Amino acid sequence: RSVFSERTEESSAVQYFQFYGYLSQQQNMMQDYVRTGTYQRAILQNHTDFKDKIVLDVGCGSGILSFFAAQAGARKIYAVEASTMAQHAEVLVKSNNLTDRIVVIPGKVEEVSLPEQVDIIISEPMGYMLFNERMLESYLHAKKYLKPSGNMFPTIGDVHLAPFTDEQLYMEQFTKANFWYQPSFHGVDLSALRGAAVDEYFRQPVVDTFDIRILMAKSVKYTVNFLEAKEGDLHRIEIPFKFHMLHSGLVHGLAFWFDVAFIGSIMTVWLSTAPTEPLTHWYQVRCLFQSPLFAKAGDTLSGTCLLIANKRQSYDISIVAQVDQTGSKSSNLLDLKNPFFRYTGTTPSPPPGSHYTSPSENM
């Protein structure tokens, strides 16, 4: 029927667009000041890229991005949204008296029909770890409406990988799974399921934030150029990595974040979800290693992170990594659609052994 129906189980779509039908979710997204702030600047400050232009807003939700484009002088704006948020955004279009410049089209971008080609596509298709939700494919799919020389806002995406040490996080997994390791839970021996409990917990990417000093080597960046990439490029994403360790210790996994750049004619605006930057609602994503890997400063940690698209609008994660000086290796399989939200609001504590001067001296 449509490209979206082929690659997405109906049940996943239902749950998915039902989520985005709630104004409370839009609200949560709009109240991300970094997110909404950066998108606004990237649009109004590149006003020549919108002034009198034709615009496509893919997955517009409430239409906020389509108003920024209007605020930038766009002539006509086709705002596509599949969730039932489309009708709320039409209301906002009427109430803001923009029915002549912003056209809401209820429906999935892979199925709707636009009356013309656009000069620029705008969207917010980034999920956590960038690739979750598989909306980037819808963003690249939308290029069937983009004229030659048209632009994409965002234009590129940089996903960053880095190995981290966090013993507390790792040990937490066994502390929770060890619930099942008792011979008499109300007179039942649960121990036979302890191993399955561990496995289940390690399959979950961890969504929270952390102090930069848990990282043991500079980041490796894999870049998707939205102006050149095609849908099929994202069904299988292989991210080779060769980290040079700057800190000795136990590598418990790889940390993920991403950035996007709105490369306009006037300036390039960056939206970065890095642990060095103020927190956004994307947080950061860490993938643990079933078995951790000892590494010393000067060793090389090498391997691959392979993401395989599934019919649940997410990715199956496979991470293989070894310390080249020892041959010690570690594998892991995680489901990006079932993360464990760990954030607690507390500022991330610094890893131990990080004071190189007496804390008492300058207290």
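Superpose the two forms; the largest set of C-alphas matching within 1.5 Å is the rigid core. Start at 1 with the first residue shown and count on from there.
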| item | value |
| --- | --- |
| Higher-deviation segment by CA RMS in 9 other deposited structures of this protein, core fitted, 196-204 or 178-186 | 178-186 |
| Higher C-alpha RMS shift from the shown form in 9 other deposited structures of this protein - 187-195 or 214-222, rigid core fit | 187-195 |
| Stretch with the higher entry mean CA B-factor, where the candidates are 171-179 and 104-112 | 104-112 |
| Which of 120-128 and 194-202 has higher mean CA B factor, as the PDB entry lists it | 120-128 |
| Options 46, 38, 331, 310 - largest CA temperature factor per the record | 46 |
| Candidate set 151, 165, 273, 184 [ranked by C-alpha B-factor, highest] | 151 |
| For residue 160, the third of its chain into which the C-alpha B factor falls | middle |
| Third of the chain's Cα B-factor distribution that residue 57 belongs to, per the entry | highest |
| Within-chain third of residue 209 by Cα B-factor, per the entry | lowest |
| Modelled-residue ranking by C-alpha temperature factor, third containing residue 318 | lowest |
| Chain thirds of CA B-factor: placement of residue 65 | highest |
